[PDB]
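Novice: Next comes target_38.txt, compact mmCIF, C-alpha atoms:
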```
# COMPACT_ATOMS: atom_id res chain seq x y z
CA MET G 1 75.91 80.86 83.43
CA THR G 2 76.72 81.82 87.08
CA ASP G 3 77.72 80.09 90.39
CA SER G 4 78.09 81.05 94.12
CA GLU G 5 81.94 80.54 93.92
CA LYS G 6 82.37 82.41 90.52
CA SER G 7 83.49 85.51 92.52
CA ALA G 8 85.33 86.17 95.82
CA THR G 9 84.05 89.83 96.16
CA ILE G 10 81.99 91.31 99.05
CA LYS G 11 79.04 93.77 98.70
CA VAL G 12 78.86 96.86 101.01
CA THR G 13 76.24 99.59 101.66
CA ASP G 14 76.00 102.95 103.54
CA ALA G 15 74.66 100.92 106.55
CA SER G 16 77.52 98.27 106.43
CA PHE G 17 80.65 100.10 105.04
CA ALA G 18 82.09 100.67 108.55
CA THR G 19 81.50 96.97 109.54
CA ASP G 20 83.40 95.59 106.46
CA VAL G 21 85.73 98.23 104.86
CA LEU G 22 86.68 100.28 107.97
CA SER G 23 86.66 97.02 110.05
CA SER G 24 89.45 95.40 107.93
CA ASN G 25 92.96 95.39 109.50
CA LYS G 26 94.23 94.06 106.09
CA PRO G 27 94.27 96.01 102.76
CA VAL G 28 90.73 96.35 101.24
CA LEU G 29 89.84 97.59 97.74
CA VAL G 30 86.40 99.25 97.22
CA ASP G 31 85.08 99.67 93.68
CA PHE G 32 82.38 102.38 93.60
CA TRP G 33 80.30 101.37 90.54
CA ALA G 34 76.87 100.96 88.91
CA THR G 35 75.41 98.29 86.55
CA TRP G 36 74.13 101.14 84.26
CA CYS G 37 77.72 102.33 83.42
CA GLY G 38 79.81 100.85 80.52
CA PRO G 39 83.31 101.36 82.09
CA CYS G 40 81.89 99.94 85.40
CA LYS G 41 80.68 96.80 83.48
CA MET G 42 84.15 96.55 81.78
CA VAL G 43 86.25 96.74 85.04
CA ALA G 44 83.89 94.36 87.01
CA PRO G 45 85.30 91.06 85.45
CA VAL G 46 88.91 92.34 85.99
CA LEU G 47 88.12 93.13 89.68
CA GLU G 48 86.36 89.69 89.94
CA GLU G 49 89.62 87.98 88.87
CA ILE G 50 91.59 90.32 91.24
CA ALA G 51 89.20 89.28 94.09
CA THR G 52 89.63 85.55 93.28
CA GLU G 53 93.46 85.75 92.85
CA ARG G 54 94.59 88.35 95.50
CA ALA G 55 92.38 87.27 98.50
CA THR G 56 95.51 86.39 100.62
CA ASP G 57 96.97 89.94 100.14
CA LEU G 58 93.79 92.12 99.98
CA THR G 59 89.93 91.97 100.13
CA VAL G 60 87.81 93.22 97.15
CA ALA G 61 84.49 95.02 97.74
CA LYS G 62 81.72 96.80 95.72
CA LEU G 63 79.61 99.89 96.59
CA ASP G 64 76.59 100.26 94.26
CA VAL G 65 76.19 104.06 93.67
CA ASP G 66 72.65 103.51 92.26
CA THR G 67 71.38 102.46 95.77
CA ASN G 68 74.09 104.05 98.03
CA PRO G 69 74.73 107.57 96.54
CA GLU G 70 75.32 108.58 100.23
CA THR G 71 78.62 106.57 100.25
CA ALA G 72 79.48 107.74 96.69
CA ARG G 73 79.53 111.45 97.81
CA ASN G 74 80.98 110.71 101.33
CA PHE G 75 84.50 110.12 99.82
CA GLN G 76 83.75 112.38 96.77
CA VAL G 77 84.06 109.26 94.50
CA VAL G 78 80.88 109.95 92.41
CA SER G 79 82.92 110.13 89.09
CA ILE G 80 82.43 106.34 88.56
CA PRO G 81 83.97 103.79 88.21
CA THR G 82 86.17 104.83 91.18
CA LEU G 83 88.57 102.51 93.06
CA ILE G 84 89.79 103.22 96.63
CA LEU G 85 92.43 101.09 98.34
CA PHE G 86 92.21 101.27 102.16
CA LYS G 87 94.78 99.86 104.64
CA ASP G 88 93.74 99.31 108.32
CA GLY G 89 90.35 101.04 107.56
CA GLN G 90 92.10 104.27 106.33
CA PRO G 91 92.28 105.38 102.61
CA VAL G 92 95.75 104.96 100.95
CA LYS G 93 95.26 105.11 97.11
CA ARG G 94 92.62 106.41 94.59
CA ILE G 95 92.02 105.40 90.91
CA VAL G 96 89.23 106.39 88.39
CA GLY G 97 87.94 104.96 85.05
CA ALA G 98 88.18 101.32 83.84
CA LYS G 99 91.35 99.11 83.86
CA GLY G 100 92.40 95.93 82.03
CA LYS G 101 94.07 93.04 83.99
CA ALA G 102 97.56 94.42 83.23
CA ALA G 103 96.83 97.98 84.51
CA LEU G 104 94.76 96.77 87.53
CA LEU G 105 97.44 94.20 88.51
CA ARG G 106 100.21 96.87 88.12
CA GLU G 107 98.32 99.19 90.53
CA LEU G 108 97.71 96.17 92.86
CA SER G 109 101.21 94.66 92.29
CA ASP G 110 102.16 97.90 94.13
CA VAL G 111 100.88 95.79 97.14
CA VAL G 112 101.41 92.27 95.54
CA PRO G 113 105.17 92.33 94.56
CA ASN G 114 104.86 88.65 93.41
CA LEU G 115 102.92 89.52 90.16
CA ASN G 116 102.86 91.53 87.77
```
Here is a file; write its structure as structure tokens.
Specialist:
Amino acid sequence: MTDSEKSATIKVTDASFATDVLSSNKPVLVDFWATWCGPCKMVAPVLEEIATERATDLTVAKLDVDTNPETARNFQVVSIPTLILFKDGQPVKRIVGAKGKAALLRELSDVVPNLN
């Protein structure tokens, strides 16, 4: 089953990346992913929880490399899944391959000192 409030993520494209990711004065986390990749499918529910839980500290976004390969090569992040953390529309940290909740919330507790 699914629902319109099951996630707090945003979806971005090569035509909208500047208006959402580079527009953000707060920290924003882009996951470059595709539905056809196993590790992408495995990190998606962990990022969905991170979007729902960490909304006050950061924003969580997805770039679909299957329909925006332009944005995938623009940052050289084609080696999916690939996570970029931006602050004030400028890149600050890079991560590649899947994470579990513990590893993802360590790398985001680096900006959320409250947990974990």
Novice: In terms of the shortest atom-to-atom distance over all atoms listed in the file, which of G:81, G:89, G:38, G:69 is closest to residue 24 of chain G?
Specialist: G:89
Novice: Can you tell me which residues surround segment 4-6 of chain G at a distance of at most 10 Å, considering only C-alpha atoms, apart from same-chain residues fewer than 4 positions away, and format the answer as a list in words?
Specialist: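 The neighbour list is residues 48, 49 and 52 of chain G.
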Novice: Could you please determine the separation between atom CA of residue 40 of chain G and atom CA of residue 78 of chain G in Å, to one decimal place?
Specialist: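 Atom-to-atom, atom CA of residue 40 of chain G and atom CA of residue 78 of chain G are spaced 12.3 Å apart.
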Novice: Pick the closest to residue 59 of chain G from G:75, G:86, G:17, G:32: which is it, counting only C-alpha atoms?
Specialist: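 Among the listed residues, the smallest separation from residue 59 of chain G belongs to G:86.
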Novice: Could you give me, as a VMD selection string, the residues within 10 Å of residue 62 of chain G, counting only C-alpha atoms and dropping anything in the same chain fewer than 4 positions from it?
Specialist: chain G and resid 9 to 13 17 29 to 34 44 47 83
Novice: For residue 77 of chain G, which residue out of G:55, G:95, G:50, G:15 is the nearest one, using all atoms listed in the file?
Specialist: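 Looking only at the distances to residue 77 of chain G, the closest residue turns out to be G:95.
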Novice: Give me the residues within 7 Å of residue 58 of chain G as an MDAnalysis selection string, counting all atoms listed in the file and dropping any in the same chain fewer than 3 places off.
Specialist: chainID G and resid 26:28 54:55
Novice: Atom CA of residue 14 of chain G and atom CA of residue 68 of chain G are how many Å apart?
Specialist: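 It comes out at 5.9 Å.
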Novice: Which value, in Å to one decimal, gives the distance between atom CA of residue 103 of chain G and atom CA of residue 3 of chain G?
Specialist: 26.8 Å
Novice: Any chance you could work out the axis-aligned box around segment 36-42 of chain G, listed atoms only, 4 Å on each side, giving centre and edge lengths in Å to one decimal, as JSON?
Specialist:
```
{"center_x": 79.1, "center_y": 99.4, "center_z": 83.0, "size_x": 18.0, "size_y": 13.8, "size_z": 12.9}
```
Novice: Using all atoms listed in the file, find the one residue out of G:56, G:90, G:64, G:2 that sits nearest to residue 18 of chain G.
Specialist: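 Comparing G:56, G:90, G:64, G:2 against residue 18 of chain G, the winner is G:90.
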Novice: With distances taken over all atoms listed in the file, which residue among G:61, G:72, G:21, G:80 lies nearest residue 41 of chain G?
Specialist: G:80
Novice: With all atoms listed in the file as the basis for distance, which of G:88, G:93, G:71, G:63 is at the shortest distance from residue 23 of chain G?
Specialist: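 Looking only at the distances to residue 23 of chain G, the closest residue turns out to be G:88.
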